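Read the structure below first, then the notes.
4 protein chains.
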Amino acid sequence: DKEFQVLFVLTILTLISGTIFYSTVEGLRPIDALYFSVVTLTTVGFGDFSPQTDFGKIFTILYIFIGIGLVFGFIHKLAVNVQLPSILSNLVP
Amino acid sequence: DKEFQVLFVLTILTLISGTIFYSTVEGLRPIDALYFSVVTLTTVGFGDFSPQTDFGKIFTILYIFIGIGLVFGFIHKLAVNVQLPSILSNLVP
Amino acid sequence: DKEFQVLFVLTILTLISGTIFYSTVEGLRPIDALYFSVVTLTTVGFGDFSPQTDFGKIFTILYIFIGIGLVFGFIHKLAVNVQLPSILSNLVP
Amino acid sequence: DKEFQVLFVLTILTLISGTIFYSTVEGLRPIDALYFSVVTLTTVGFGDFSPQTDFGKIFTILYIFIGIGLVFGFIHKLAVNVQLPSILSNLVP
Ligand SMILES: [K+]
Ligand SMILES: [K+]
Ligand SMILES: [K+]
Ligand SMILES: [K+]
């Protein structure tokens, strides 16, 4: 759970950075910037938002390489250290 | 296989929740809501459907973080506990 | 390598099924059907092609769940049993 | 770290090949070609750029199968051999 808290914090910080970047450089509303950051790093990539400027494209390349690892790290421990135990506890006779 | 049944149920429940959410808040036909939920959680993300409302964007962020884990959990055991054995059995001299 | 050949065959068969399905039901040229099948199962999902009919949407949900496992299985052994050794061999003093 | 350097080089080479291919055959500006290559191999797939020619579609199928493995290989060691240690070092009393 201490591991989970660190991943949670790191993930929050990563998403804040994307929110601030895309809101500024790509002109997105903050909520659309956050949404886009999440859709990007979880590799869903709907493409309803995508960077139009070269600065945005370049940041996006780096953001993906740096962020995918910890976002999926976080997701994995969420699933294994949080969701898994609660599901098991729901089953117990 | 008992593990497989729990993942199957959990996956069904997750997809039902997305179906109901997107049908209501985003106004999708139920079938398009289900399809979109699956396209989202499996991280394919075609983007033919994507949330237009802030409520939908916010739900989508959370749905992704919560759902990716069990959807890929389910997929993994489907592949390893169901598809794998049947493929092996097809090969046997 | 025998494992690699089975995954290769299974992957080919999966892509043929998608090629035939999308060419017929969704009216795609065979090459676009194959391309779309690959873009779908590798979870890239550009969305330049996406199913427009309910039959296509329903097939796509099932195709994703069934196909992701073996496509990524194949990719993983391609990377570990084929690409890895060749890269190592290129390095050897 | 020697492993990390090899993956880094291999990833660079893979992205250069995509940059050159899409710039030429699909007529993209080099920066858009690089961006698209990364968006493709990391499986984000926004679809703002996607191949329009059959040559491009065929290359893309092969590029995905060959490139996903080493791109995710690189990402994984970046996360585990580079980001992980630095994060731990930031925590130390
Ligand atoms: K993906
Ligand atoms: K995707
Ligand atoms: K897309
Ligand atoms: K996508």
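Note that the protein sequences, when read in sequence, are chains A, B, C and D.
Note that the numbering used here has the first sequence beginning at 3, numbered continuously upward.
Note that the numbering used here has the second sequence beginning at 3, numbered continuously upward.
Note that the numbering used here has the third sequence beginning at 3, numbered continuously upward.
Note that the numbering used here has the fourth sequence beginning at 3, numbered continuously upward.
Here a beta-carbon is modelled for each residue, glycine too, at the ideal position from N, C-alpha and C.
Residue nearest to residue 18 (chain A) within the set A:74, A:88, A:50, A:38 is A:38 (criterion: CA-CA distance).
Shown here, residue 94 (chain C) sits in coil according to DSSP, grouped into three states, outside any helix or strand. Under the Cβ distance rule, residue 3 (chain A) does not count among the residues neighbouring chain B, no pair being separated by less than 7 Å. Of the heavy atoms belonging to ligand 1, at least one sits nearer than 6 Å to the Cβ of residue 45 (chain D). At least one CB of chain B lies nearer than 7 Å to the CB of residue 56 (chain C). Not flagged as an interface residue toward chain D: residue 22 (chain A), since no C-beta distance is shorter than 7 Å.
Residues of chain D with a Cβ closer than 7 Å to the Cβ of residue 49 (chain B) are, in chain order, 49. Neighbours of residue 79 (chain D) in chain C, taken as residues at a C-beta separation under 7 Å, are lacking, since the least C-beta distance is about 13 Å. Around the CB of residue 43 (chain A), 16 or more other CB atoms lie within 10 Å, so the residue is classed as buried. Contact between residue 76 (chain B) and residue 9 (chain B) is confirmed by a C-beta separation of about 4 Å, below the 8 Å threshold.
Close partners of residue 33 (chain B) in chain C (Cβ separation under 9 Å): 56, 59, 60.
Under a 10 Å Cβ-count criterion, residue 57 (chain C) is classified as exposed, with fewer than 16 other Cβ atoms of the shown protein chains found around its own Cβ. Annotation for residue 24 (chain B): 30, 35, 38 place their beta carbon closer than 6 Å to its own, counting only its chain and skipping 5 residues before and after.
Residue 5 (chain A): member of the alpha helix (DSSP H) spanning 4–27, first to last residue. Neighbours of residue 52 (chain C) across chain B, judged by C-beta separation under 7 Å: 48, 50. Counting the other Cβ atoms within 10 Å of the Cβ of residue 4 (chain A) gives fewer than 16, which makes it exposed. Leaving aside the five residues that flank residue 83 (chain D) on each side, the residues in its chain whose CB is nearer than 6 Å to its CB run, in chain order, 6. For residue 7 (chain B), there are no C-beta contacts with chain C under 8 Å, since the nearest C-beta of that chain is about 15 Å from it.
Exposed is the label assigned to residue 64 (chain D), since fewer than 16 other Cβ atoms lie within 10 Å of its Cβ.
Here DSSP, grouped into helix, strand and coil, assigns residue 52 (chain D) to coil. When the Cα atoms are used, residue 93 (chain C) and residue 80 (chain D) turn out to be separated by approximately 21 Å. Residue 44 (chain C) belongs to the set of residues whose beta carbon lies under 7 Å from a beta carbon in chain D. Separation of residue 48 (chain B) and residue 85 (chain C) (C-alpha to C-alpha, rounded to the nearest whole angstrom) is 29 Å.
In this structure, residue 90 (chain A) lies away from residue 12 (chain A), with their beta-carbon atoms at least 7 Å apart. Close to residue 65 (chain D), with beta-carbon spacing below 7 Å, lies no residue of chain A; the smallest spacing is near 16 Å. Not a single CB atom of chain A sits nearer than 7 Å to the CB of residue 11 (chain D). Taking a C-beta cut-off of 8 Å against chain B, the contacting residues of the region 83–95 of chain A are 85, 89, 93, listed in chain order.
The criterion of a C-beta distance shorter than 7 Å is not satisfied by residue 45 (chain A) and residue 21 (chain B). Cβ atoms of residue 40 (chain A) and residue 66 (chain B) come within 8 Å of each other, at about 6 Å. One Cα belongs to residue 33 (chain D), the other to residue 59 (chain D), and the distance between them is close to 19 Å.
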